[PDB]
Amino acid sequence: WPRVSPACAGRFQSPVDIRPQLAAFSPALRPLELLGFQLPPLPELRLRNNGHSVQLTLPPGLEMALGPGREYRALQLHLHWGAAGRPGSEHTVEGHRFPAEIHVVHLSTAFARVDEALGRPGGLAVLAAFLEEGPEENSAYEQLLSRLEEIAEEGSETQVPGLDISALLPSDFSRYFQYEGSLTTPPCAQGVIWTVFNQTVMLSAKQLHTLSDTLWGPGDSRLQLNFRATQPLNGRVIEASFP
């Protein structure tokens, strides 16, 4: 990874191990504001297998705020996962790796283009939630997972009807961890604001197997364990929106 682009050996990279007892509570971290995420069924959205993950391109109008006057527009979402009987979340909590992780990537409003935001502090913000095993089938996630067989091949894509993107995220928008780090693939640009929800979302064991067993990557290898290793904080302090 430092081979093909050396930003991946920068000092302030992601993902990181979250250690709640060492997190800094700041009352200034207000609840997350997400508007325009309840999408109608038309227009349909591009759901692509890109060889390294499954991604959903998002339209313009998904407005997000991390504070007052710190606004964002959602660009896309994608997922990280493991294999049969192996977790594949990127972030860990006290060394525990969760089954999977959703990332919703956004661009700061103050930037017109993604490539101006890269490497700039707060240019990009990601919302991250952990996916766990639960008793029920998750309806929001079945909308995406049921369509995965159709894009099993590296490079293929399909169209899915619009859905409530916020339905894919956890219950409590006032409880999260926050730090500044990087993208977790090349170019590994720094200045990315990561916000990681305290609460998880639940998927059936079948859904988690659908996600981990359906997609193929590059030759004929399985698209699995698509997570970067844990990176050192190097002096950074993870903050928390709750005592």
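The first residue of the shown sequence is 1; numbering continues from there.
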Do the C-alpha atoms of 188-196 or of 62-70 have the higher average B factor in the entry? 62-70
222-230 versus 9-17: which one carries the higher mean Cα B factor per the record? 222-230
From 36, 40, 31, 181, pick the one with the largest CA B-factor in the entry? 40
Reading the B-factor column of the entry, which of 119, 95, 88, 85 has the highest value at its C-alpha atom? 85
With respect to C-alpha B-factor, does residue 109 fall in the lowest, middle or highest third of the chain as deposited? lowest
Tertile call for residue 80 (CA temperature factor, within chain, third-based) is the middle
Grab the CA temperature factor for residue 99 from the record and place it in the lowest, middle or highest third of its chain. middle
Residue 127: CA B-factor among chain residues, third -> lowest
Third assignment of residue 168 from its chain's C-alpha B-factors: lowest
